[PDB]
Structure formats: structure tokens, C-alpha cells
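Notes follow once the structure below has been shown.
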Amino acid sequence: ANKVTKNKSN
Amino acid sequence: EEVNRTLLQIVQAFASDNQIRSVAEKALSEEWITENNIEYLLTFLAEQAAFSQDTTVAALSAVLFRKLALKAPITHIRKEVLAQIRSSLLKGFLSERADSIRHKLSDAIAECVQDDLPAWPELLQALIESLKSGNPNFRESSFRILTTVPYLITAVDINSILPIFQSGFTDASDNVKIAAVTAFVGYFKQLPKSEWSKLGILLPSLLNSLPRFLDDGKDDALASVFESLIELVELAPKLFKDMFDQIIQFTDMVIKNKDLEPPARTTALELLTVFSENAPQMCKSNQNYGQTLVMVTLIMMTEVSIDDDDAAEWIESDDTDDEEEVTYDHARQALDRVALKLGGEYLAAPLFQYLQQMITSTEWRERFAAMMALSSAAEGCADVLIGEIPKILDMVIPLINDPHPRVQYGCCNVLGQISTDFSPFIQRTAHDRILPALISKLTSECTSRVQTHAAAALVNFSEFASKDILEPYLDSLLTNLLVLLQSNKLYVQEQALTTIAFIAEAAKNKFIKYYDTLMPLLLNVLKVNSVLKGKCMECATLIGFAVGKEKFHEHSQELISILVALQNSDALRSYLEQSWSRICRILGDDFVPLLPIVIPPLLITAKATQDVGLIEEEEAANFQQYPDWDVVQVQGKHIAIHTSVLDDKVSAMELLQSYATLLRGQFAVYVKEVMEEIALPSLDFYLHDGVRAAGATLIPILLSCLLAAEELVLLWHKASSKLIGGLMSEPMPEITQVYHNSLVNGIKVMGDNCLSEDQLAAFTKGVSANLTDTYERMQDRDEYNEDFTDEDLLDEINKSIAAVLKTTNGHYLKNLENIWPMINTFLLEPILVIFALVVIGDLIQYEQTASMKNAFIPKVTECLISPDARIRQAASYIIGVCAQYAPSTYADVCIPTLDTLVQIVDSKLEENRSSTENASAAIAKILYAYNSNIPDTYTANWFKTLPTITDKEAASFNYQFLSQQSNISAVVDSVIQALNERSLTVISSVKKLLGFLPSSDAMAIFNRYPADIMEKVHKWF
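These protein sequence lines are chains B and A, in that order. Counting along the first sequence from 1, when you hit position 4 you're at 144 in PDB author numbering, and nothing is skipped either side. Reading the second sequence from the start, the letters are residues 6 to 21, 23 to 79, 91 to 545, 550 to 590, 596 to 735, 741 to 812, 817 to 821, 828 to 869, 872 to 889, 892 to 951, 955 to 983, 986 to 1014, 1026 to 1045, 1052 to 1088 in PDB author numbering.
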């Protein structure tokens, strides 16, 4: 889902 | 005796059946929690918890007492009874109880200690002695009470409390240590900073106690301590300054010990990371931090596909993250977080020292780690890396063909990440390298996971690539992605579709020639896997918007018929809504016949209610586990709110808003309904600010739709009044701003005299409460520690006041007087100053301000020469506006300052080109008002401030004044420049001047001008 990203649980 | 078995029966009924248990619940709430029975009830529950031989009764009562003792509250309980309750609680605590009951007793005891409550020195004595007990549970429980009631720490003699904690940190029992650490941090949590220095000195004992956890192999307990330490870093980072290297080195040592379980290692990383977020200067002043941080995240990033060198399991799975790769995920987020805080200046060097080397390792995990680390760091390190982009591709692109497929995916990842993070410059300059690289991975030669990720990275790239850059690559992009469309794997098809969609979005009209091949393949997929269909309709309608309505018309009817089938037949629902919305942008007014299909479902979603569960202390946290829920404490109690549902309400509101925006008058039939059932109720959604804001932006757009097509007047009255009312209640500054903006836009729509006198008065109070609470929050911004939000709000308050002035046609001056004290305080901290000046400029626009000439010109004249451009700007505009609307009550000021203005003028630089343009206009205003009464150098000074290209209203005056030698070429150009820059009849004046010169002299002036602006010049003269 569905681009290249970085996720985030800060 | 009677009271006891009534209550005993009740509390025992609690565990159990609905009947016996509901009777008890009502009995408690309706009969026992009343002015008359409360103390008996509290007395009972305290006695049970203290003395009951039954575990469950004791436990429950302790909990109930805790809950009810707040609500009572403990303050209105008679002294004799407080004392008795205290004494029995205490005796229970000191008796023989199960651990969990002593915990609950401790919590109950805490409710009986309070600033206003009588001293309880028997507790103090009990705590001190319990801390020295040989029973861990007594020791632990005492620190727990000092955690709930940190004020007790202040009450004990300093020379007793210090060794208490030092013994605590060092205790044989892990539990006791964790509680000591918890109590120690809790103190800083709860007490004023002026109290901090009293325990701060204990930090080194605490830090020095930490290597013991590794000796004994107690890493779970280490993790808990790390969690307390993380809270302390957020509160008092500078306390760590002197021992900074020791804690850095310690977290390093833990993370590297990879026989430890993950929690100790992830929390240690978090500890390291959080310094960057709370003490950036501290991190930056120590080269050790950055080096440690990079090194440990690089180690953790290699912890993937363990025991599976071929990655078989990874190759075989879908394109989601593996939830078992926890330390890897943690490492990535950490590097990202620190890079974003500290910048590339500081991290690029240490980062790259390592990457150069890992790219060349024979261990694949390290070559991967390298790519993912770059990916994480590139945004935060952009300030440096954005310039060294060929060098970066020289490292990465060779790896695109690595023997290992996971290294390949890794390289696709970087090309994706940087296409976003260095956009739009990378699209312009590296397309010739990046696209061929990604395109080569699309071939079915490569692994599913790689083909997919390369296609994902083409979304990143496309998002910021102009149609012209993508053009020569489209046929190639497309033929490849069609093959991916024919995959056996669902996630490959879904990716294929999304990549085509986004490429078509970027390609626009250049995609028209691909439409005939794509569209049938897409229709076939739909006519046949919910997400596939959704992504497919998304791909279809984005293609539709790209190619335009005429081309879209070859399949629109069939497409529409399939959508209808689809809609009426859960992630699909949202793709359906967006697609319909996109069709409305394509079809324009031809959509109107489809409103009865599309709007009803949107009305349902946008009518979502604030889904709240009035909830219990314990019953939270686990409710919090769900991404789709949150819990907060608002006014004492706990509330569970369904967040996702409210996000969806917003999304629906944004679609209704966009239909209303495109359809204008044609949406009018829905305005009353959406206004009363959706926009307006949304302002009362105190638990979700998105809703409140979305409600606000809907208002002016709804009005404008009905306008274009009595009711209107009613609705506006209702809407404006709830907007206004929101100003004195709304807690979130960012929302307050939306309301003012919303009023501005409302007023702009509704026109002349759209507000009534009471509304104007109610607005003023709101404006004042807003100013008051902004002041209060800002007078809060150290020994222990290292806000456009506020600026933005004040920016908009300016606009609403201005807007209100205009609609009232001046009359708002009256009401505006009540907040003059407020205004005045602001006038004499830069943001509040700017605000004040801006207000005053608006005031003068409507010589009835003489009452205050003396109160502000002293500060305005000061501000004229301020180091701050924004202050000079606002100031000069004020002095210029003085000579415009108040010519005579101001002369003694305007003409003196006039020399100041010739100097402030001298500047012509992007950041302050605006400020100097206002001054320029301000002097042209003075030259106008007092025309032949002036001691004339001036006008020729002013001229040299031309052209005016940035401020439009300023430019408007200057060329009006200009319209009333061999300056001729500078005269003309001054005008061409304003026109061409689109900042501003002065043309008429100019043509006459050119009349006064020969054929050849006239022509020659434009000889300097390029073709494109000579096109414009011909069409201007």
C-alpha cells in the first residue's frame, strides 16, 4: 500500500 | 452490623448473572453514592480491602474505593471519618496481604493524601519503615505510593529520602528497582521544576546501577527502566549532560549484545533516539552520539530473514512488512527520526563512512541494510545529500542487479525514497538514470517482490515528474506494467494498477495515445478481489481525468454502469466514492443526473455521530491497542473514541465539499440538509478536530451554492453564530484559526451588513478570549531543557477583524474599543507586535482614532527601523495609511518620518522586498496628501524604488500616482515590469509620452525586451 514510504510509530 | 451485610451482599453480587449483579450496580450508584451514604460506603470498602479474608472482595473494594474517593471527593468527607478510613487502610497495608491487594491498597491510600487534606504523619512513618522491610512487596508498594503521591517525597527529610532512592536503585529485587526508578521519574513528572534540583543529584546513582542488570541477565527489567528513563529524557534532558557519554556507551553495549531479547534492545535504541528529539544541541555537540546512533541502527537493520539465507519465506510473501522483523523496523524509524531532528551536516559523514563499506560486504544482509539506511536518512539529511546525487546513484544503481533479490528490492527502495525526498530536482536531473534502472526491474526475469517494489518506486518518481519528462518513457513503462498486470499474484496486479494510475495522472494529455490499449483490459478486470476492483476503478478514472472528457466519453457510460453495479451489490466503498468524485471532475455539469446515485451514501457516512464509550480506567490501554481507536481523559473520566469512523466522516465531508465546489448552484438542493445535519453539528465534535475543521470549511461553500441558485439568510445567521460561539470554547489553536477563516469566507459570500449587532458583540468576546489565551500560552516560552501555530492563528484573526470592519462599513469600531487593553499589551515578543500593528492599520482605514495617536505612534516609529522586516512592513503601511484616511490629524508625524522612510527603503531582496515596497508606497502617499506643501528631492527618491512587483495594493497606488525627460525608458519599464510580474490606465499616460518622440525614438525603448514579453506589450499598447 503502495508507494515507497517509511512508516511511523513515534 | 446491618450496613455491613447490605454492602457486603452488594459488592459480592458484583462478581457473578445479570439480575443479582444489576440490582447491586443500581444500589451502589443510586442509593449509596449520595451525600448521606458516601462516607459509610467509603468506610465499608476501605475496611473490606484492609481486612477481608476473601481475595476478590478485598481487591474489588480497594478499586471501588479508589474510584469513588475521587468523585466524592475526599475533601468533603468529615474529619472523624477520613481519619478512620486512613487508619484502617494503613492497618490493612501493614498486615499480611497478597501482592496485588497491597498494590490496590497503596492506590487507595494515595486517594487519601491531598494538599487540602489534614497531615497524615502515620503514613509517612509507615512508608519509611516499610521501605526498610525485608519483604520486597512492602518496599515496592511504598515506592508505588511515592509514585502516585510524589508530594510525600517533599515531606520526608531530604537526608532520609536520598538514601531511600539510592537503596532503591540497588535493591536485590528487580521489582523494587523498577518501582524506585518509576517513583524517581514520577517526581519530575508531577512537581514544579523549582523542586527538581533536590532529587536531580540522584541521577548518577541511577545510571551507575544499570550495568548490574546485564550482569545478572535481567533484560526485561532493564527494558522497564529504559522506559522510565525515556520519560525522564523528555522532561529533563540536560540532567543527563555530564554523564551523556556513559549512557550513550551503555545503550550501545546493550544493543550489540544480540543474545538479549528484543525489548531491552529496542528500548535502549529508543532511549538513544529520544535525546535527539529533546536535546538536539547536546547531541550535535558530541560526535560520539551520532556515531553510536548510526552504528547501532545499521547493526539492527541487518536483522532480517534470520535462519533463511535465500529469503524463501520473504520471496513467497506479499508486499507487506514482516511483523517478526521488529528490531529492523525499529532501527529504520530511529535513523529516520534522528536524521529529521539533526540534519545531514551532522549525520551524513558518519552514515556514509559505514555505507561505503556495507555496500561491498559479501553478507547480503549488510548490502540491504545499507540501502534501507540510506532510505531512512535521506529526507532528514537532504540539506547535504540533495547536492551529491550523482555520487549516490553511483553507489546504489550498481546494486540493482545484486545476486540477492532482497538487495535488489533494497535498491529499488532507495530510488523510490529519494524520488520523493529530493523532488522535483531529482526528476529533472536523474530521470535518464533512474527510470531505466527501475524499468529494468519490471521484467518477468526478476522476482515478484522486486518487480512490485520497482513499480512502487515508479509511483514515487511519477508523483513529481512533469509530463514532458515522462513522455519518452511511457511506452516502455506501459508495456512492462501490462505484463505485471497478468501476474498470478494478487499483490502484483494491484501494484501494477496503481503504478499505471499514477503514471497516467502525471502524463496527463500525453497519455491519450495509451488509452485505447489500457481501457479494455481494465473494463475486463472489472466485469469478472475487492481491492483489485477498487484499484481498477481508480486506475480507470485517473486515466479519465488525464485524457479529458472527450476521450473519456468512449467508455464513460459502460464504466458508470459497472460502478453502479459495484456500489449497490468495505475498502471498496472508499475507492467507489473517490471514483465517482473524479468522474464529477471530468464530466462537470453533466454529472448532475448522477447526484441521486452518489450523494445518499455520502450523506450516511458524513452523518457519523461522535462515537464515544464512557469507559473505565483499566479497560483502556487495551482499547488503545487498536489503531482505529484512541482514549483520552478530558475532565477526569475516560472516553473511548472511534477515530477511523471520524476520519471517514471527514473524507465524506471533503467529498460533499468538492461536489458543492464543482457543481455550485446545482448542489443547492442539498445545502440546507448538509448545513443542518452535517456542517453545523460538526463544530460540536470536541473529540476530533478534523471533523470540526471540515465542518467549518463546508459552511461558506454551502452558502455560496445556495446563493448561486430567506433560507440563505437564516442558515447564514445560524452558521455564523455557531462559528462565533466556537471562538470562546474551541481549545485547539489550529481549529480556532479555521473558524476565523471560515467567518471571513462566509462574510465574503454573504456580502453587505451580513452580521447583526449582537453577533458583532459576541465576536468581540471571542476575539478577546482568543487573544487572552494566546498571550497566556506564549508567556511560557532553561536549566533542564533546550510556534507558528500561534502566529498563524493571529494572522487569521487579523483577516476576520478586517472582514468584519468591511461588512459593518466601520460600525465595528465601537465594539473594537473593548479589546484595546489587549491590543495595547501586544504592541509593546515579535509575533504579538506584528499582530497589533496589523490591527491598527485596519483601524485607520475607517481621524476618529486620535484618541490613540499618542498610544501607538511612539511604538510605530520605533518599529519602522526594526531588525524585523515584518514589523517595518506593518509599520510603514500604518504611516502611509495615516496620510490617506486621516490626512490632517497625522502630519506632524508623516513628514518627520519621511526621511526614515527614504532610509528604510535603502532591502531589494526576496525576504524583505515586500517590506521595502510598503515603505515605498507609504512615501508616495505622503507626497500625495501634502502635495506642494513639502520641504521634492523626495519624488525623485521614490521613483528609484520603482518598480513595485510584489505587493498588489501598493503597486496599485504607485502607478495611479505615476499616471498623474530621458527617464522615458525607466518610466516605461517601471510599467512593463509591474504588468509582466502581474502586481498591478497608467498605459494611457505612457502612450501620450511616447507621442512626444519621433518614430525611431519611440520604437527603440522596447528593443531590450524578449519575444515573449513583446507579445504581451503589443496586446497592452
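Virtual Cβ for every residue (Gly too), placed ideally from N, Cα, C.
Using the three-state DSSP reduction, which class does residue i fall into: helix, strand or coil?
| i | result |
| --- | --- |
| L774 (chain A) | helix |
| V431 (chain A) | helix |
| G569 (chain A) | coil |
| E128 (chain A) | coil |
| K96 (chain A) | helix |
| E7 (chain A) | helix |
| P420 (chain A) | coil |
| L357 (chain A) | helix |
| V950 (chain A) | coil |
| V321 (chain A) | coil |
| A296 (chain A) | coil |
| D23 (chain A) | coil |
| residue 1015 (chain A) | Examination of chain A shows a numbering gap from 1014 to 1026; residue 1015 (chain A) is inside it and therefore has no coordinates. |
| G151 (chain A) | coil |
| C463 (chain A) | coil |
| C785 (chain A) | coil |
| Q1014 (chain A) | coil |
| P79 (chain A) | coil |
| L709 (chain A) | coil |
Need the endpoints of the alpha helix (DSSP H) that residue i sits in, please.
| i | result |
| --- | --- |
| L628 (chain A) | 621 to 632 |
| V1033 (chain A) | 1029 to 1041 |
| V166 (chain A) | Neither: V166 (chain A) is in no alpha helix (DSSP H) and is coded neither H nor E. |
| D411 (chain A) | 406 to 413 |
| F182 (chain A) | 175 to 185 |
| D804 (chain A) | 788 to 809 |
| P453 (chain A) | 442 to 458 |
| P873 (chain A) | 873 to 887 |
| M1081 (chain A) | 1078 to 1085 |
May I ask you to list the residues that DSSP assigns as paired with residue i?
| i | result |
| --- | --- |
| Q659 (chain A) | A:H664 |
| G639 (chain A) | A:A666 |
Would you check if the distance between the CB atom of residue i and the CB atom of residue j is smaller than 8 Å?
| i | j | result |
| --- | --- | --- |
| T942 (chain A) | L909 (chain A) | yes |
| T562 (chain A) | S605 (chain A) | yes |
| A366 (chain A) | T314 (chain A) | no |
| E742 (chain A) | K698 (chain A) | yes |
| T92 (chain A) | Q131 (chain A) | yes |
| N305 (chain A) | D262 (chain A) | yes |
| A473 (chain A) | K143 (chain B) | yes |
| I766 (chain A) | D715 (chain A) | yes |
| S28 (chain A) | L51 (chain A) | no |
| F160 (chain A) | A200 (chain A) | yes |
| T669 (chain A) | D654 (chain A) | yes |
| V845 (chain A) | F794 (chain A) | yes |
| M701 (chain A) | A646 (chain A) | no |
| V775 (chain A) | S841 (chain A) | yes |
| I332 (chain A) | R229 (chain A) | no |
| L854 (chain A) | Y819 (chain A) | no |
| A482 (chain A) | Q444 (chain A) | yes |
| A970 (chain A) | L946 (chain A) | yes |
| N801 (chain A) | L869 (chain A) | no |
| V16 (chain A) | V63 (chain A) | yes |
| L452 (chain A) | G397 (chain A) | no |
At a Cβ threshold of 8 Å, is residue i touching chain D?
| i | result |
| --- | --- |
| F205 (chain A) | Absent here is chain D; the protein component of the structure consists of chains B and A. |
At a Cβ cut of 7 Å, what residues of the segment 416 to 435 of chain A count as close to chain B, listed as they run along the chain? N430, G433, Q434
Against chain B, which members of the segment 463 to 476 of chain A pass a CB distance test of less than 8 Å? Those would be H470, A473, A474, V476, in chain order.
So if I threshold CB-CB distances at 7 Å, which residues from the segment 340 to 371 of chain A count as touching chain B? So the close ones are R349, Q350, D353, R354.
Output needed in chain order: residues of the segment 513 to 524 of chain A with a Cβ under 7 Å from some Cβ in chain B. Those residues of the segment 513 to 524 of chain A that come within reach of chain B (Cβ to Cβ, closer than 7 Å) are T515.
At a CB distance below 9 Å, what residues from the segment 377 to 401 of chain A approach chain B? Give them in sequence order. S392, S393, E396
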